[PDB]
């Protein structure tokens, strides 16, 4: 299918969004409603994700997290706002989105001319620090710059699942916005937290991995240009 929504553990599901360049996002089915982690590429892909959600749960979509300011993590925002879901980010992500959205949409369309010229849609719930959702069962945090300056991690402690959005993946991927020397330092700050991790969900390529995806990407970026 163009998009799939599949249980990884308990209430934690992975979205494989095969539109444009494959991106993987998360959904958490909680007691009061649904939390989406990663808005998906466009308002249309967001609507496609919502369709899949409605086949699983009648509970409201409460909030959607933009794990960075880029089009693959925030492009769906217009749709999520339109259904009354909160759009959530750090302040840093929101500030970078305000200043740089036009630039990232242009960059996206250079690679994907078919991609729409999306107007800016900013988060309406902005956090100054780390934050949690779903009674502490979805835990968002900043550990430094990597693929972008602002990208955050989201950890699901009950299921021992870590999502890093665009940070963790199988191939080097986009380095155009990356802090190549800081990237492994961020990955080491992450590992030093000693979070119990059974599963890492990569944000591109095939999603399902163990904790070693962190080490895999770390080794790749330490050999990359500008390392």
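Positions refer to the first chain, counted from 1. In this text, rigid core is short for the largest set of C-alphas that superpose within 1.5 Å between two forms.
Between 184 to 192 and 171 to 179, the larger root mean square Cα shift in 4 other deposited structures of this protein, once each structure is superposed on the rigid core, falls on 171 to 179. As recorded in the PDB entry, 27 to 35 is the stretch of 41 to 49 and 27 to 35 with the greater mean C-alpha temperature factor.
Averaged over their C-alpha atoms, the temperature factors of 86 to 94 and 127 to 135 are higher for 127 to 135.
The entry assigns its greatest Cα B factor, within the set 168, 193, 161, 64, to 193. Split the chain's modelled residues into thirds by C-alpha temperature factor. Residue 80 is in the lowest one. Residue-level temperature factors show residue 100 in the middle third of its chain, judged at the C-alpha atom.
The entry lists a Cα temperature factor for residue 60 that places it in the highest third of the chain's modelled residues. Residue 199: CA B factor in the middle third of modelled residues in this chain (values from the PDB entry).
In the PDB entry, a CA B factor belonging to the highest third of its chain's modelled residues is recorded for residue 107.
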